[PDB]
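Everything on this sheet refers to the single structure shown next.
Bear in mind that the values in this text are calculations on the coordinates, not laboratory data. Backbone-built Cβ (ideal geometry, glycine too); neighbour counts: all protein chains shown.
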Amino acid sequence: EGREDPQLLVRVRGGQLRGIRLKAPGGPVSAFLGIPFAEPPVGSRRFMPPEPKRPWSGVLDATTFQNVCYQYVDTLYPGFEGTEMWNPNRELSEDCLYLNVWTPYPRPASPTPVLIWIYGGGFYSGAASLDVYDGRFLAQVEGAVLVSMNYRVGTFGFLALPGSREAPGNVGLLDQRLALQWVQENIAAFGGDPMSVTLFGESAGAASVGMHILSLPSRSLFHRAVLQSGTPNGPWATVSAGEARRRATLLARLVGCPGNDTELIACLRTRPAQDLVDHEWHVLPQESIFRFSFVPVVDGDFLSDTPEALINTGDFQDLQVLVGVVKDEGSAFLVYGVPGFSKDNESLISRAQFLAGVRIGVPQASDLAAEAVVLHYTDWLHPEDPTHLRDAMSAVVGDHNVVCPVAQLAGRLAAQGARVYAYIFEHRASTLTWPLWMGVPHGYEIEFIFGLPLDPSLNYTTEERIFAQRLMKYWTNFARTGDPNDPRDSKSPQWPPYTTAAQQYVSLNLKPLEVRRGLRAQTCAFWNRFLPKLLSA
Amino acid sequence: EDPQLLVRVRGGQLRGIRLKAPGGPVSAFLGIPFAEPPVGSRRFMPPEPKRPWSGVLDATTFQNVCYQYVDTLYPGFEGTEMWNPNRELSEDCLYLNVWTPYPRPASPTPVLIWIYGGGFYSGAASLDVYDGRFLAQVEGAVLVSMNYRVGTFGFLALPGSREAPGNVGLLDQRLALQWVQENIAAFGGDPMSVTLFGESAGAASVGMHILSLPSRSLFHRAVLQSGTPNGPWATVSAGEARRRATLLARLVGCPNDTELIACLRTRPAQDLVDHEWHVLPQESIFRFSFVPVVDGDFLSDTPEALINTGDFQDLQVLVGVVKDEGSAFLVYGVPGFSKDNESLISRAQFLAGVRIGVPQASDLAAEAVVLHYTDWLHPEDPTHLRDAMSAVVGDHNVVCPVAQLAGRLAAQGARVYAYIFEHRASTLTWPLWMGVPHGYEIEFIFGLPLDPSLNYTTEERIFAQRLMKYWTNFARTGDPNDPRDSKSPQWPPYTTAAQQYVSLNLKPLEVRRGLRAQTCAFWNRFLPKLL
Ligand SMILES: C[N+](C)(C)CCCCCCCCCC[N+](C)(C)C
């Protein structure tokens, strides 16, 4: 300990940690990377709820990110930045339950609001160690204390035989909850305020934030929530108990595992990690995009009912939420399975290809429902136009899966006492390597929120760097106060709360805040109010 | 004896009357018999041609109006009285009217034939709004209008029977059409240039002559104003007509087909009219009990099947709608609606209204209509709900059937011109909220604003002149554009890709694209697949 930097030695419940002094553009920050918050969920602990980390002795080195949770690695376009930046940047292992802390350097004098980030990746991938999730900018410029955790994905995190003890389901949400409990117990050691914790997340991260909102034990572990482009309701974020059982049973069958729950899980346990990954996609009921095999399950425990039933009957009075979407939520998903679509051409499609694409984007639709979608999205002045058909296909996937479930969520939370703020994110990064026709794709607001444009060596424009500063300001103000608006700041335009009466939300882009009314309101009535009844009768 | 008012037709000699038009004299020949009176045992039967007469037949007045229900919703109000019979009611009513220039056209003149509307249960060729003198005088047109049988009298069918075969009101129209072929040259008309035009049930009539072979050699061009033979109200199936005829008979104490019609023929006219409205299967508006039947004869198949398979290559058609087709219909049955208040309604009332406006809708289809017409920023605003109700009725019954017809005729070789009429008459007595109601362009097409004693504005007099010019240019050439006027924009043909149509209002022609295209996709393409 003699010669170490005194500002980097911290004790937590399990013992002593040494962090690292990192350079941010404006000055130094403190990082504590790869803190274990759980016993390594390996061997007989696969599929199992996580157990609190046993204390170590000596000084645990927390200067590097730890292993990423075992997952499928995207290889659709090897070498391409657009996909590689989401791929694991550390070795895969089932031994992966670690979290990461960024704080100002020196650590703040007085209790500081805490941001907890939950990554996305369809519940089958992701990592808290990705460059785009780097907490140094928020820690340095805003003084934030930032935490992000690994949680198990795919089979390891969500394979379930509901009702059993050996694979209860939702263990990936349980990992996240453990990390939240860790933050309650330990964040003060870092100068964080456990009495002011904001969750934020994008995609499946956002659906996770959503599920902590809807799960009572989690509710005492945070105060405010930010859902970016993801919701707990909707067609992909959860499965019924029955459907989870079918999928788990089929996967077991496909890897050579024969009847009752104990035998079946013991055999899966047993199989090499890569084996479960190699077969994970084979268990989906239909040809489809935006569907993932192993997701949170409606177990009657972590989720005591469907998310739809819970948002409809909950009282959300003590709650402040920020929710929003990007302009082109669906575009990037199309190249993963809709024929006619590719990142290396303009992807102009015919009416045939559009109808075939709808059956893949809306796998649960009968021929009547699919016709309804195709008719709703047709441009009747130019019904054969391949540019519009291509943008229709993107909007279908984007609206059904993200925009309309978000609009629905905002509407329910507002109606039942929550303070809600809503945005559509509309700026395409000058650095984006996906094609122009993809517009502003899923995930590309992250990036600005974490303030990467502030790095002089990333080649963003000055306007983009200013924009990043604005977004960090809204996000941390929300964390700080429950309100994204700057209280001191006279000259600026105000971001109003979303309400059922006025349906007000804001545009985030290079221009000042513009207030808009109704979030794809006509189309969301189609998806949220009409389409369900069609699929019912 | 004025020689310009003496004409010899095939049935004998006729004498008309010199009328005053603001510009000058016209010749009128009113009450020319074109058929034997369909009385007694000819009730419900095809018309037979009129027997020859002797001496000189006095054709100087409108004859009886065909027996029909008379609207008593608002007694003595102009808005409804102007559509009511203005002559005596009678089963003896098969008379037609002819206006020509004075003196009579020197050279063969294109002929316009007017077929009145009135839901197939009413109307007369004798209403002031159908006055042919203006078109005759200003544009030099030969105009013909005929009475045809309506209600039980024109349309009660026992399909398959000798004695009530159905569609006899259309056969009356056809007989008047053949009569024009045989006689109009005596008036200086050109039997080689005949244009049908009609509004509402009369537009549906025109459309049926387009879809019926024997009619097709009696006219060259057609105008369909605010109605079509396709759509939910213009035809019934053979089975549905038999159901209705049998029910009417039962309601009047009658009694095999022969015995049932025999007893119906013994019933006074008014006893039949009395129970006319009790036979509809559902409480509804924009539905009429006795309309053309798909008999397998006049109509060899449903209008939809016929427009989908027809070759319409030698045909020109003008079609259009007024801006607020459904509004006038709401006060005739929808709870919450009245001409004497602003008719602000609730959401509950909108759905109750949809059940009456779209009577064939299931709960789910009714929900689809309601969801589609809702304004999602103000889902409770009473003004929008009221206007939506009007749009549901207008789109479902008129606008979207018109769009379908236009699309099909153009896809299959017809030259098609389409319009939306958007001028509300300064003289109109319906309330402002009704906008521009069903029927209210006829006024202008006939050129009534050219009458100084009616005091339309000067701008309306000019407007009326433009529309008379369009309509007769079209009758003259199958194209409403003025073949010597070198002025923009030209009214372009409606085609299935560009979907160009024009708005007729006080301002010059504006070309628009897509006739409520999104909404018509809902009615024409989704909603049927739903039921
Ligand atoms: C591998 N298969 C074909 C079986 C499934 C791939 C699932 C699609 C992944 C989403 C792509 C969006 C990219 C950007 N992010 C995820 C960051 C928003």
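Quick notes
- For B:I115, B:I445, the sequence from fewest to most other C-beta atoms within 10 Å is B:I445, B:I115.
- Ellipsoid semi-axes in whole angstrom, largest first, where each is sqrt(5λ) of the Cα gyration tensor of region A:1-153: 26, 21, 13
- Pairwise FRET efficiency - B:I462 versus B:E283, Cβ, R0 = 60 Å, nearest 0.05: 0.85
- Over chain B - Rg/Rh using Cα atoms and the Kirkwood inverse-distance radius: 0.95
- Euclidean distance between Cα centres, region B:436-489 to region A:383-415, Å: 46 Å
- Cut-off 14 Å (backbone N to label point 7 Å along Cα→Cβ of B:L251), residues of region B:151-169: B:151-153, B:156-157
- For the protein assembly as shown, the share of DSSP beta bridges that are antiparallel, to the nearest 5, is 40%.
- Selection from B:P437, B:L467, B:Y417, by position along the positive dipole direction of region B:408-489 (Cβ): B:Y417
- Residues whose amide H comes within less than 5 Å of that of B:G189, counting only those at least five positions distant or on another chain, are B:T109 (H built at 1.01 Å from N in the peptide plane).
- When +1 charges are put on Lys and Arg Cβ atoms and -1 charges on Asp and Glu Cβ atoms, the dipole computed for chain B relative to its Cα centre reaches about 980 debye.
- From the Kirkwood radius over Cα pairs of region A:392-537, Stokes-Einstein at 25 °C and 0.890 mPa s returns a whole-number translational diffusion coefficient of 145 µm²/s.
- Which of B:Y417, A:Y133, B:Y74 has the fewest Cβ neighbours within 10 Å, and the rest in rising order: B:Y74, A:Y133, B:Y417
- Per DSSP, loop GluC sites (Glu not before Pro) in region A:41-129 with at most 14 further Cβ within 10 Å: A:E91
- Taking amide hydrogens as placed 1.01 Å from N in the peptide plane, the amide H of A:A38 sits under 5 Å from those of A:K53, each at least 5 positions away in sequence or on another chain.
- Check: the protein assembly as shown dipole with +1 on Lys, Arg Cβ and -1 on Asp, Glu Cβ, in debye: 180 debye
- Calculated FRET efficiency, A:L355 to B:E380, Cβ-Cβ distance, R0 = 30 Å: about 0.25 to the nearest 0.05.
- Whether region A:238-348 is rounded, prolate or oblate, judged on the alpha carbon gyration tensor where a/c under 1.5 counts as rounded: oblate
- The overall shape of region B:84-233, judged from the alpha-carbon gyration tensor, is prolate: a/c is not under 1.5, and a/b is greater than b/c.
- Under 5 Å, built H, 5+ apart or other chain: amide partners of B:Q13: B:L57
- Here the sum of -39500 (n - 2.57) over DSSP H runs of 4 or more residues, divided by the residues of chain A, equals -8500 deg cm²/dmol at 222 nm, to the nearest 500.
- For A:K491, the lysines whose Cα comes closer than 21 Å to its Cα, not counting residues fewer than 8 places off in the same chain, are A:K473, A:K511.
- If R0 is 60 Å, the Cβ-Cβ spacing of A:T500 and B:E1 corresponds to a FRET efficiency of close to 0.15.
- Positive minus negative residues near A:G417 (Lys, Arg vs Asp, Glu; Cβ under 9 Å): -1
- Exceedance of the 21 Å cut-off in Cα-Cα distance is limited, within the set B:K323/B:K507; B:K323/B:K529; A:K533/B:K323, to B:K323/B:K529; A:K533/B:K323.
- Annotation: the antiparallel percentage among DSSP beta bridges lying fully within chain A is about 40.
- Neighbour-count ranking [beta-carbon atoms within 10 angstrom, fewest first] of B:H396, B:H275, B:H423: B:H275, B:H423, B:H396
- The Cα atoms of the protein assembly as shown cover 137, 65, 50 Å along the three principal axes, with the biggest extent listed first.
- Rounded to the nearest whole Hz, the Karplus-based 3J(HN,Hα) values (6.51 cos²θ - 1.76 cosθ + 1.60, θ = phi - 60°) of region A:19-36 follow the sequence x, 9, 8, 10, 8, 10, x, x, x, x, 10, 9, 10, 10, 10, x, 7, x, with x at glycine and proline.
- Global geometry of region A:351-474, whether rounded, prolate or oblate, following the gyration tensor of its Cα atoms and the 1.5 cut on a/c: oblate
- Ranking A:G398, A:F65, A:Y377 by how far each Cα lies toward the positive end of the dipole of chain A (charges on Cβ) leaves A:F65 at the top.
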